[PDB]
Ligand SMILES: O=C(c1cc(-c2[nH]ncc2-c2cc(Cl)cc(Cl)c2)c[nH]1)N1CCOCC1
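In the form deposited without the ligand, a lone chain appears below as structure tokens.
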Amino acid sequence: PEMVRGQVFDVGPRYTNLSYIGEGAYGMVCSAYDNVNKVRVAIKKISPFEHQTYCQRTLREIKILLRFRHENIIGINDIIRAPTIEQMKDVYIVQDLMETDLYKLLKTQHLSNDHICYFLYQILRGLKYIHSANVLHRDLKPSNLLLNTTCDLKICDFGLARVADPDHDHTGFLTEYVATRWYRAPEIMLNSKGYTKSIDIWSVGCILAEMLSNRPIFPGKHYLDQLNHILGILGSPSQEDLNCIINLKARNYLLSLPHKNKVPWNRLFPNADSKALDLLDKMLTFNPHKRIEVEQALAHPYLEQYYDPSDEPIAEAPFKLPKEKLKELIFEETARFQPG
């Protein structure tokens, strides 16, 4: 069993010449040479079995990524694990090696309009598919958008994904939330569990704004600063938009804030294409009912040179408990990769 940083990275036989990458959120990641197909791959070691919560995210993500086949969503190439539940302590997930990610790209590289347009197109194409499978990603952000040397973009990290549930979207004011703060839609801070498709489009909007300036658009430092960042650009919500917030704690919170006027997009981004800013406006709408849909964002004039609905596939097979049982589901879920 080859070691990496003194941790067992047991992926040999097929996967040789290891090189360390990171410790991620949880679990270790390395590159390696695949000896069947003749390219280098990425491998992530996961050890979720002692915690119910880490099992559910490992299972969600395996089940989703094995169901999904789409050019703009990362595929699982291989899953390495023990032949028996009893010997299974780790799972190794093999994926195509991606040069970089959009977080890394943005901190060092200026994006031309042609790159922003192409990346936004691919984000939206992958998201069309996810949404068509009745799945919500719920943690879209530049680090979950992998790019290779030819700038093919793939959405990754479905650890916080859910099956969509709009009828049960409502919750109280200040409902704690796991997904990354800067890409959270305003409604999460007010009255939403993040169980509707409009929550991903918000994050896409944030990513677009980020691509236009190499800086996060809404870099909130805490739960409710995130909303004051939003409303400093968008301006105070309209009365009609407040009337959609039934929750009185949430409504009275917004009513307590000083009036802010909308900051025009072309002052924040005087270099941006005007069609880009018009699409950005439709994605970063306060009211999630009025927020543009994935398929409408694809049909926007900004993306006109790529838009082709016959080449923007939808999912054939949309979706609709102790630690011990999830380990057994993980075992069953990964069985197809075993010799046999």
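By rigid core we mean the largest C-alpha set that fits within 1.5 Å across both forms. Only residues modelled in both forms are compared. Each residue number is its position in the shown sequence, starting from 1.
One more form of this protein, deposited with the ligand bound, exists but is not displayed; see below.
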item: Three-residue site 24, 95 and 98 fully in contact with the ligand in the deposited bound form at 4.5 Å by heavy atom; value: yes
item: The ligand in the deposited bound form: contacting segment from 254-262, 217-225, 86-94, 124-132, heavy atom within 4.5 Å; value: 86-94
item: Candidate from 136, 146, 207, 190 lying within 4.5 Å of the ligand in the deposited bound form - any heavy atom; value: 146
item: Contact residue in the deposited bound form, from 292, 315, 42, 303 (heavy atom within 4.5 Å of the ligand); value: 42
item: Residue contact check: residue 249 to the ligand in the deposited bound form, 4.5 Å heavy atom; value: no
item: Non-hydrogen atom contact residue 64 with the ligand in the deposited bound form at 4.5 angstroms; value: no
item: Contact test in the deposited bound form: residue 298 vs the ligand, heavy atoms, 4.5 Å; value: no
item: Exercise: residue 170 in contact with the ligand in the deposited bound form, heavy atom 4.5 Å; value: no
item: Post core alignment: residue 33 C-alpha displaced by 2 Å or more between this form and the one not shown; value: no
item: Superposed on the rigid core, segments between this form and the one not shown of at least 3 residues with Cα shifts of 2 Å or more; value: 24-26
